[PDB]
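Structure file start-v7.cif (mmCIF, C-alpha atoms) is printed below.
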```
data_query
#
loop_
_atom_site.label_atom_id
_atom_site.label_comp_id
_atom_site.auth_asym_id
_atom_site.auth_seq_id
_atom_site.Cartn_x
_atom_site.Cartn_y
_atom_site.Cartn_z
CA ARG R 1 -25.57 -22.04 -3.39
CA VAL R 2 -26.30 -18.36 -2.68
CA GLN R 3 -26.09 -16.45 0.61
CA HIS R 4 -26.84 -12.84 1.58
CA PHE R 5 -25.13 -10.58 4.11
CA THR R 6 -25.58 -6.98 5.25
CA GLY R 7 -23.24 -4.78 7.26
CA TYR R 8 -21.86 -1.33 7.96
CA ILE R 9 -18.39 0.13 7.34
CA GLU R 10 -16.97 2.89 9.54
CA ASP R 11 -13.85 4.84 8.53
CA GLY R 12 -12.33 1.98 6.55
CA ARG R 13 -12.73 -0.82 9.10
CA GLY R 14 -13.44 -4.00 7.15
CA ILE R 15 -15.38 -7.15 7.96
CA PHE R 16 -14.03 -10.69 7.57
CA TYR R 17 -16.15 -13.63 6.45
CA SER R 18 -15.03 -17.25 6.82
CA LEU R 19 -15.39 -19.91 4.12
CA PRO R 20 -14.73 -23.19 5.97
CA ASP R 21 -13.27 -26.14 4.05
CA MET R 22 -13.66 -25.32 0.37
CA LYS R 23 -12.64 -28.00 -2.11
CA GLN R 24 -10.22 -27.67 -5.02
CA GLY R 25 -12.04 -26.94 -8.27
CA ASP R 26 -14.79 -24.80 -6.73
CA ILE R 27 -15.59 -21.35 -8.14
CA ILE R 28 -16.33 -18.47 -5.76
CA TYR R 29 -18.43 -15.48 -6.81
CA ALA R 30 -18.76 -12.16 -4.98
CA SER R 31 -20.69 -8.93 -5.45
CA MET R 32 -20.92 -5.88 -3.20
CA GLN R 33 -23.29 -2.94 -3.70
CA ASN R 34 -23.73 0.37 -1.90
CA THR R 35 -27.07 0.79 -0.12
CA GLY R 36 -26.48 4.07 1.74
CA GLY R 37 -23.86 6.75 2.26
CA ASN R 38 -20.77 7.33 0.15
CA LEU R 39 -19.25 3.84 0.51
CA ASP R 40 -17.03 2.59 -2.31
CA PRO R 41 -16.98 -1.23 -2.14
CA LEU R 42 -13.84 -3.37 -2.25
CA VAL R 43 -13.59 -7.17 -1.96
CA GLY R 44 -10.60 -9.48 -1.55
CA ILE R 45 -9.97 -13.15 -0.83
CA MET R 46 -7.09 -14.72 1.09
CA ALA R 47 -6.10 -17.85 2.99
CA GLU R 48 -4.69 -16.61 6.31
CA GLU R 49 -6.71 -13.92 8.09
CA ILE R 50 -4.60 -10.79 8.61
CA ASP R 51 -5.88 -7.25 9.13
CA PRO R 52 -5.09 -5.15 6.02
CA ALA R 53 -5.36 -1.90 8.00
CA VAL R 54 -1.64 -1.57 8.74
CA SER R 55 -0.63 -2.17 5.11
CA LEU R 56 -3.36 -0.04 3.53
CA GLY R 57 -2.61 2.85 5.88
CA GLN R 58 0.83 3.30 4.33
CA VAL R 59 -0.85 3.91 0.97
CA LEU R 60 -2.77 6.84 2.46
CA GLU R 61 0.47 7.97 4.12
CA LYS R 62 2.28 8.25 0.83
CA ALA R 63 -0.33 9.89 -1.25
CA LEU R 64 -1.06 12.44 1.37
CA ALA R 65 2.46 13.71 1.08
CA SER R 66 3.26 13.57 -2.55
CA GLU R 67 2.19 12.63 -5.99
CA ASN R 68 2.76 8.92 -5.47
CA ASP R 69 0.04 7.92 -7.94
CA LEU R 70 -2.50 6.11 -5.80
CA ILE R 71 -3.72 3.81 -8.57
CA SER R 72 -0.29 2.41 -8.87
CA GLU R 73 0.45 2.07 -5.18
CA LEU R 74 -2.95 0.48 -4.38
CA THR R 75 -2.61 -2.17 -7.09
CA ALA R 76 0.87 -3.17 -5.92
CA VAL R 77 -0.24 -3.47 -2.29
CA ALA R 78 -3.43 -5.35 -3.18
CA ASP R 79 -1.58 -7.85 -5.38
CA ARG R 80 0.48 -8.71 -2.28
CA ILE R 81 -2.23 -8.72 0.40
CA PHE R 82 -4.88 -10.66 -1.54
CA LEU R 83 -4.87 -13.63 -3.87
CA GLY R 84 -7.74 -12.01 -5.79
CA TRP R 85 -9.68 -8.75 -5.67
CA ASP R 86 -11.88 -6.34 -7.60
CA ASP R 87 -12.66 -2.63 -7.23
CA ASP R 88 -15.16 -1.44 -9.87
CA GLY R 89 -16.11 -4.48 -11.93
CA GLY R 90 -19.86 -4.01 -11.49
CA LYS R 91 -22.50 -1.38 -12.19
CA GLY R 92 -20.95 1.89 -11.06
CA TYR R 93 -18.41 1.54 -8.25
CA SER R 94 -19.68 -1.90 -7.19
CA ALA R 95 -17.30 -4.86 -7.16
CA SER R 96 -17.65 -8.32 -8.68
CA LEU R 97 -15.18 -11.18 -8.36
CA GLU R 98 -14.64 -14.68 -9.77
CA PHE R 99 -12.04 -16.87 -8.05
CA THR R 100 -11.19 -20.52 -8.70
CA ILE R 101 -10.27 -22.32 -5.47
CA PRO R 102 -6.56 -23.21 -5.88
CA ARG R 103 -6.14 -26.14 -3.47
CA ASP R 104 -8.16 -27.79 -0.68
CA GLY R 105 -8.66 -25.88 2.55
CA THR R 106 -10.40 -22.86 4.05
CA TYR R 107 -10.21 -19.21 3.01
CA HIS R 108 -11.29 -15.74 4.14
CA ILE R 109 -13.28 -13.02 2.34
CA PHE R 110 -12.55 -9.37 3.16
CA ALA R 111 -15.12 -6.61 2.59
CA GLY R 112 -14.34 -2.95 3.12
CA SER R 113 -13.62 0.43 1.59
CA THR R 114 -11.09 1.40 -1.07
CA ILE R 115 -9.09 4.64 -1.20
CA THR R 116 -10.70 7.20 -3.51
CA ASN R 117 -11.03 10.92 -4.22
CA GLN R 118 -14.47 12.54 -4.38
CA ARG R 119 -13.70 16.24 -4.95
CA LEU R 120 -12.93 18.50 -7.91
CA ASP R 121 -11.56 21.57 -6.09
CA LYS R 122 -8.60 19.73 -4.55
CA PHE R 123 -7.15 16.22 -4.44
CA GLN R 124 -7.51 14.38 -1.12
CA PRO R 125 -7.65 10.57 -0.95
CA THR J 1 -30.30 25.42 -44.31
CA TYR J 2 -29.38 21.97 -43.06
CA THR J 3 -30.78 20.35 -39.91
CA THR J 4 -29.37 18.60 -36.83
CA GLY J 5 -30.69 15.99 -34.43
CA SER J 6 -31.02 12.33 -33.54
CA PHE J 7 -32.82 9.74 -35.64
CA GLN J 8 -34.13 6.18 -35.67
CA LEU J 9 -33.61 4.07 -38.81
CA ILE J 10 -35.47 0.83 -39.57
CA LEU J 11 -34.27 -1.30 -42.49
CA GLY J 12 -36.06 -4.35 -43.89
CA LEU J 13 -35.38 -7.00 -46.52
CA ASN J 14 -38.45 -8.54 -48.18
CA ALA J 15 -40.52 -7.34 -45.20
CA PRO J 16 -43.39 -5.21 -46.54
CA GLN J 17 -44.45 -4.16 -43.02
CA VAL J 18 -41.43 -1.85 -42.68
CA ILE J 19 -43.02 0.98 -44.71
CA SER J 20 -45.64 1.20 -41.97
CA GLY J 21 -42.83 2.28 -39.62
CA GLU J 22 -43.64 -0.37 -36.99
CA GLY J 23 -41.38 -3.26 -38.02
CA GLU J 24 -40.03 -5.21 -35.02
CA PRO J 25 -36.55 -6.78 -35.36
CA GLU J 26 -36.62 -10.30 -36.76
CA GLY J 27 -34.47 -12.82 -38.58
CA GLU J 28 -30.72 -12.66 -39.10
CA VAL J 29 -28.94 -9.34 -39.68
CA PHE J 30 -27.93 -8.24 -43.19
CA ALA J 31 -26.49 -4.70 -42.95
CA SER J 32 -23.81 -3.08 -40.80
CA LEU J 33 -22.19 0.28 -40.11
CA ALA J 34 -19.82 1.33 -42.88
CA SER J 35 -17.54 3.53 -40.75
CA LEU J 36 -16.33 0.47 -38.80
CA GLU J 37 -14.37 -0.71 -41.86
CA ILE J 38 -11.75 2.06 -41.55
CA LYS J 39 -9.83 4.28 -39.09
CA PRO J 40 -11.45 6.80 -36.68
CA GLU J 41 -11.29 10.59 -37.03
CA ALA J 42 -8.96 12.52 -34.73
CA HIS J 43 -9.93 15.62 -32.76
CA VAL J 44 -7.22 17.91 -31.36
CA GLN J 45 -7.50 21.08 -29.27
CA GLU J 46 -4.80 23.28 -27.75
CA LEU J 47 -5.28 25.83 -24.98
CA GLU J 48 -3.06 28.25 -23.05
CA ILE J 49 -3.49 28.32 -19.27
CA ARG J 50 -1.99 30.43 -16.48
CA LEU J 51 -1.70 29.48 -12.80
CA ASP J 52 -1.93 32.65 -10.71
CA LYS J 53 -1.05 32.86 -7.02
CA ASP J 54 -4.67 32.30 -5.95
CA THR J 55 -5.58 30.11 -8.96
CA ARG J 56 -3.05 27.28 -8.70
CA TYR J 57 -5.71 24.59 -9.31
CA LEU J 58 -7.53 24.22 -12.64
CA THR J 59 -9.96 21.62 -13.99
CA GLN J 60 -11.59 21.12 -17.39
CA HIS J 61 -14.44 18.91 -18.58
CA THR J 62 -14.31 16.72 -21.70
CA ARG J 63 -17.06 15.56 -24.03
CA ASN J 64 -18.47 12.05 -23.72
CA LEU J 65 -16.32 9.19 -25.03
CA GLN J 66 -17.69 6.12 -26.80
CA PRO J 67 -16.44 2.65 -25.81
CA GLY J 68 -13.14 1.72 -27.41
CA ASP J 69 -11.92 5.31 -27.75
CA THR J 70 -8.53 6.61 -26.62
CA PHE J 71 -7.49 9.79 -24.83
CA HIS J 72 -4.13 11.57 -24.78
CA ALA J 73 -2.84 14.79 -23.24
CA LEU J 74 0.44 16.62 -22.65
CA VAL J 75 1.60 19.85 -21.02
CA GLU J 76 4.61 21.99 -21.96
CA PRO J 77 5.54 25.22 -20.14
CA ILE J 78 6.08 28.42 -22.10
CA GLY J 79 9.34 29.19 -20.32
CA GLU J 80 11.21 28.42 -17.10
CA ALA J 81 8.03 27.63 -15.16
CA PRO J 82 8.25 24.43 -13.06
CA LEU J 83 6.47 21.34 -14.33
CA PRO J 84 3.01 20.93 -12.74
CA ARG J 85 1.27 17.68 -11.87
CA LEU J 86 -1.27 16.06 -14.19
CA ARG J 87 -4.00 13.51 -13.47
CA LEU J 88 -7.28 12.27 -14.92
CA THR J 89 -10.52 11.65 -13.02
CA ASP J 90 -14.16 11.09 -13.92
CA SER J 91 -17.05 13.45 -13.11
CA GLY J 92 -17.20 12.13 -9.54
CA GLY J 93 -13.47 12.38 -8.93
CA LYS J 94 -12.50 8.70 -9.10
CA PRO J 95 -8.88 8.59 -10.32
CA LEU J 96 -8.23 6.90 -13.65
CA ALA J 97 -4.71 7.87 -14.77
CA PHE J 98 -1.68 9.89 -13.71
CA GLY J 99 0.90 11.90 -15.62
CA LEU J 100 4.30 10.46 -16.52
CA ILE J 101 7.43 12.62 -16.74
CA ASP J 102 9.41 11.80 -19.87
CA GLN J 103 13.15 11.16 -19.84
CA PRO J 104 13.69 14.57 -21.51
CA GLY J 105 11.98 16.10 -18.51
CA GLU J 106 10.33 19.11 -20.14
CA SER J 107 6.77 17.77 -20.47
CA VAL J 108 4.24 15.51 -18.76
CA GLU J 109 1.98 13.14 -20.69
CA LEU J 110 -1.09 11.02 -19.97
CA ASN J 111 -3.04 8.23 -21.65
CA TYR J 112 -6.31 6.39 -21.14
CA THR J 113 -8.72 4.04 -22.91
CA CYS J 114 -12.49 3.73 -22.70
CA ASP J 115 -14.24 0.66 -21.28
CA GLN J 116 -17.70 1.74 -20.08
CA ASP J 117 -20.61 2.59 -22.35
CA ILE J 118 -20.36 6.31 -21.53
CA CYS J 119 -17.30 7.97 -19.99
CA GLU J 120 -17.11 11.59 -18.80
CA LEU J 121 -13.57 12.77 -18.08
CA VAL J 122 -12.08 15.68 -16.14
CA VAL J 123 -8.47 16.85 -16.55
CA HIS J 124 -6.69 18.23 -13.48
CA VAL J 125 -3.66 20.53 -13.67
CA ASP J 126 -2.21 21.76 -10.38
CA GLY J 127 1.00 23.46 -9.33
CA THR J 128 0.32 23.60 -5.59
CA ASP J 129 3.45 21.68 -4.63
CA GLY J 130 4.07 24.13 -1.79
CA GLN J 131 3.18 27.74 -1.01
CA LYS J 132 5.62 29.67 -3.23
CA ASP J 133 4.17 32.70 -5.03
CA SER J 134 5.97 32.16 -8.33
CA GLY J 135 3.75 34.73 -10.03
CA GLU J 136 2.64 34.45 -13.65
CA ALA J 137 3.62 30.92 -14.68
CA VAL J 138 2.03 29.96 -18.01
CA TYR J 139 1.80 26.53 -19.63
CA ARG J 140 0.67 25.07 -22.95
CA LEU J 141 -1.86 22.23 -22.83
CA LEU J 142 -2.44 19.91 -25.79
CA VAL J 143 -5.26 17.36 -25.79
CA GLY J 144 -6.64 14.96 -28.37
CA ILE J 145 -9.15 12.17 -28.91
CA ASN J 146 -8.15 9.25 -31.16
CA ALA J 147 -4.97 11.20 -31.95
CA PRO J 148 -1.90 9.20 -30.84
CA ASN J 149 0.37 11.58 -32.81
CA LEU J 150 -0.07 14.54 -30.43
CA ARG J 151 3.72 14.71 -29.97
CA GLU J 152 4.06 16.02 -33.55
CA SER J 153 0.56 17.00 -34.66
CA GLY J 154 1.61 19.12 -37.63
CA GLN J 155 -1.93 20.01 -38.65
CA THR J 156 -3.83 22.82 -36.97
CA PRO J 157 -6.53 21.74 -34.46
CA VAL J 158 -9.01 19.64 -36.43
CA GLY J 159 -12.47 18.31 -35.68
CA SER J 160 -14.72 19.45 -32.87
#
```
Rewrite the structure from the file as structure tokens, please.
Amino acid sequence: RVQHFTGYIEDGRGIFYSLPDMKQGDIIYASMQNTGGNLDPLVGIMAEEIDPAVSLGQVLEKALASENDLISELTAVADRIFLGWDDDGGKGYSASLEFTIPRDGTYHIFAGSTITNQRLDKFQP
Amino acid sequence: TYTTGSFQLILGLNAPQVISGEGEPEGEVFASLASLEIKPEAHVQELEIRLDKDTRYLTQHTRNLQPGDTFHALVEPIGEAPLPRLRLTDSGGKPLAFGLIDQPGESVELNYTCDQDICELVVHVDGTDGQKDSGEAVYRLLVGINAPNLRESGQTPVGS
């Protein structure tokens, strides 16, 4: 059972995908690859659909003002928002995820952009 | 003189076609790398850096790291200069590690381990906390590969 999707991400505004009525014991697989631009894929899975924008924005708020160590603050926030996630598990910066369905019900898949730095003259997430 | 370069080695056991130089891999392996039986060789390098008023940001590039390797670094100021920030990113700028201030807060240290087939690392040292023109602050930077004893090296910089 394989399905394809294509989309566009603008300024860290993610896209939700619905997985209606999965059964306990199923295994979900995900992979997200960049096909244009400077996008850095990120994927997460959760039960109740809530917009991560408000929570992820505080990570950019903290790093922009201090040291804060982004890789620490992002992991802590992600481990709360999502039941499972992956940043760079694939070829390059592409993500890949394996997730065993805990119980019976429906879940949501979140695709979007992570917080990264892409400069060597100065640090700016 | 001696010579330098890369090479391809084909070994055969009771396979007379090897001496032709065209033997394709077959059968079950019989030989292995000898260096894997012992401990790796450490490489250590120390440099002195200065952060001027207009040069408060400095970056350095590291040689390629093989999978399984380890990377350590530490910074210690010469005198009363304030402790700068330390972080580690790849060639594209993706963050990988951040510096930790020790309980005796006179130095900052960093650590990392290699997972990918080829890793290219860049070390960032910056003191642009604000806009103060401190002047001629100078720091000592110590780096090593497969050298967990950088705290007390003892030996002079060894290896490449």
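Evaluated on this file, the PyMOL selection byres ((chain J) within 10 of (chain R)) matches residues 57, 58, 59, 60, 85, 86, 87, 89, 90, 91, 92, 93, 94, 95, 96, 97, 98, 99, 100, 116, 122, 123, 124, 126, 128 and 129 of chain J.
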Point-to-point distance in Å for atom CA of residue 7 of chain J and atom CA of residue 21 of chain J: 13.1 Å
Chain and number of each residue from the PyMOL selection byres ((chain R and resi 30) around 10), as a PyMOL selection string: chain R and resi 28-29+31-32+43-45+85-86+95-99+109
Shell around residue 118 of chain J at 8 Å using only C-alpha atoms, local window under 6 positions removed, as a VMD selection string: chain J and resid 64 to 67
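Comparing R:27, R:33, R:77, R:16 by their smallest distance to residue 50 of chain R, the closest is R:16 (using all atoms listed in the file).
You will find atom CA of residue 61 of chain J at 18.0 Å from atom CA of residue 157 of chain J.
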Selection under test: the PyMOL selection byres ((chain J and resi 69-82) around 7); residues as a PyMOL selection string: chain J and resi 65-68+83-84+106-114+137-146+148
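Atom CA of residue 124 of chain R to atom CA of residue 79 of chain R spans 23.4 Å [interatomic distance, one decimal].
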Nearest-residue call for residue 14 of chain J, choices J:27, J:105, J:155, J:43, using only C-alpha atoms: J:27
Shell around residue 25 of chain R at 8 Å using all atoms listed in the file, local window under 3 positions removed, as a PyMOL selection string: chain R and resi 100-103
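Residue nearest residue 80 of chain R, chosen from R:105, R:52, R:37, R:12 and counting only C-alpha atoms: R:52.
Considering the residues R:10, R:104, R:48, R:113 and counting only C-alpha atoms, residue 24 of chain R has its shortest atom-to-atom contact with R:104.
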Please complete segment 41-57 of chain J with N, CA, C and O atoms and give it back as a PDB file, keeping the file's coordinate frame.
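Wrote it out as selection.pdb, contents follow:
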```pdb
ATOM      1  N   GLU J  41     -11.711   9.216 -36.767  1.00  0.00           N
ATOM      2  CA  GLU J  41     -11.290  10.590 -37.030  1.00  0.00           C
ATOM      3  C   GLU J  41     -10.754  11.228 -35.752  1.00  0.00           C
ATOM      4  O   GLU J  41     -11.355  11.109 -34.681  1.00  0.00           O
ATOM      5  N   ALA J  42      -9.618  11.911 -35.873  1.00  0.00           N
ATOM      6  CA  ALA J  42      -8.960  12.520 -34.730  1.00  0.00           C
ATOM      7  C   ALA J  42      -9.486  13.927 -34.472  1.00  0.00           C
ATOM      8  O   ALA J  42      -9.800  14.676 -35.399  1.00  0.00           O
ATOM      9  N   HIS J  43      -9.576  14.280 -33.191  1.00  0.00           N
ATOM     10  CA  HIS J  43      -9.930  15.620 -32.760  1.00  0.00           C
ATOM     11  C   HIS J  43      -8.834  16.133 -31.836  1.00  0.00           C
ATOM     12  O   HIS J  43      -8.457  15.445 -30.885  1.00  0.00           O
ATOM     13  N   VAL J  44      -8.327  17.333 -32.114  1.00  0.00           N
ATOM     14  CA  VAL J  44      -7.220  17.910 -31.360  1.00  0.00           C
ATOM     15  C   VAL J  44      -7.576  19.345 -30.995  1.00  0.00           C
ATOM     16  O   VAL J  44      -8.109  20.096 -31.820  1.00  0.00           O
ATOM     17  N   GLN J  45      -7.285  19.723 -29.752  1.00  0.00           N
ATOM     18  CA  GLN J  45      -7.500  21.080 -29.270  1.00  0.00           C
ATOM     19  C   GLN J  45      -6.334  21.487 -28.389  1.00  0.00           C
ATOM     20  O   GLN J  45      -5.838  20.684 -27.592  1.00  0.00           O
ATOM     21  N   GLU J  46      -5.895  22.734 -28.535  1.00  0.00           N
ATOM     22  CA  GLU J  46      -4.800  23.280 -27.750  1.00  0.00           C
ATOM     23  C   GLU J  46      -5.251  24.556 -27.055  1.00  0.00           C
ATOM     24  O   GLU J  46      -5.915  25.403 -27.662  1.00  0.00           O
ATOM     25  N   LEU J  47      -4.887  24.689 -25.781  1.00  0.00           N
ATOM     26  CA  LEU J  47      -5.280  25.830 -24.980  1.00  0.00           C
ATOM     27  C   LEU J  47      -4.083  26.324 -24.170  1.00  0.00           C
ATOM     28  O   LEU J  47      -3.191  25.548 -23.820  1.00  0.00           O
ATOM     29  N   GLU J  48      -4.082  27.621 -23.877  1.00  0.00           N
ATOM     30  CA  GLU J  48      -3.060  28.250 -23.050  1.00  0.00           C
ATOM     31  C   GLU J  48      -3.659  28.581 -21.692  1.00  0.00           C
ATOM     32  O   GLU J  48      -4.712  29.223 -21.615  1.00  0.00           O
ATOM     33  N   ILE J  49      -2.989  28.146 -20.627  1.00  0.00           N
ATOM     34  CA  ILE J  49      -3.490  28.320 -19.270  1.00  0.00           C
ATOM     35  C   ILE J  49      -2.418  28.992 -18.422  1.00  0.00           C
ATOM     36  O   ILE J  49      -1.217  28.870 -18.684  1.00  0.00           O
ATOM     37  N   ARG J  50      -2.868  29.712 -17.396  1.00  0.00           N
ATOM     38  CA  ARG J  50      -1.990  30.430 -16.480  1.00  0.00           C
ATOM     39  C   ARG J  50      -2.415  30.130 -15.051  1.00  0.00           C
ATOM     40  O   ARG J  50      -3.604  30.202 -14.728  1.00  0.00           O
ATOM     41  N   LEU J  51      -1.444  29.802 -14.201  1.00  0.00           N
ATOM     42  CA  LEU J  51      -1.700  29.480 -12.800  1.00  0.00           C
ATOM     43  C   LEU J  51      -1.253  30.664 -11.949  1.00  0.00           C
ATOM     44  O   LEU J  51      -0.069  30.832 -11.652  1.00  0.00           O
ATOM     45  N   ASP J  52      -2.216  31.495 -11.557  1.00  0.00           N
ATOM     46  CA  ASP J  52      -1.930  32.650 -10.710  1.00  0.00           C
ATOM     47  C   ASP J  52      -1.633  32.194  -9.285  1.00  0.00           C
ATOM     48  O   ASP J  52      -1.658  31.004  -8.955  1.00  0.00           O
ATOM     49  N   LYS J  53      -1.342  33.170  -8.422  1.00  0.00           N
ATOM     50  CA  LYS J  53      -1.050  32.860  -7.020  1.00  0.00           C
ATOM     51  C   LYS J  53      -2.251  32.245  -6.327  1.00  0.00           C
ATOM     52  O   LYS J  53      -2.110  31.282  -5.564  1.00  0.00           O
ATOM     53  N   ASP J  54      -3.443  32.785  -6.572  1.00  0.00           N
ATOM     54  CA  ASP J  54      -4.670  32.300  -5.950  1.00  0.00           C
ATOM     55  C   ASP J  54      -5.448  31.340  -6.843  1.00  0.00           C
ATOM     56  O   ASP J  54      -6.549  30.926  -6.469  1.00  0.00           O
ATOM     57  N   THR J  55      -4.910  30.978  -8.006  1.00  0.00           N
ATOM     58  CA  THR J  55      -5.580  30.110  -8.960  1.00  0.00           C
ATOM     59  C   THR J  55      -4.645  28.986  -9.400  1.00  0.00           C
ATOM     60  O   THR J  55      -4.465  28.706 -10.588  1.00  0.00           O
ATOM     61  N   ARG J  56      -4.023  28.329  -8.421  1.00  0.00           N
ATOM     62  CA  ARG J  56      -3.050  27.280  -8.700  1.00  0.00           C
ATOM     63  C   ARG J  56      -3.687  25.942  -9.054  1.00  0.00           C
ATOM     64  O   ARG J  56      -2.959  25.010  -9.411  1.00  0.00           O
ATOM     65  N   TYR J  57      -5.009  25.821  -8.970  1.00  0.00           N
ATOM     66  CA  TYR J  57      -5.710  24.590  -9.310  1.00  0.00           C
ATOM     67  C   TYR J  57      -6.695  24.880 -10.440  1.00  0.00           C
ATOM     68  O   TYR J  57      -7.466  25.843 -10.364  1.00  0.00           O
TER      69      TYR J  57
END
```
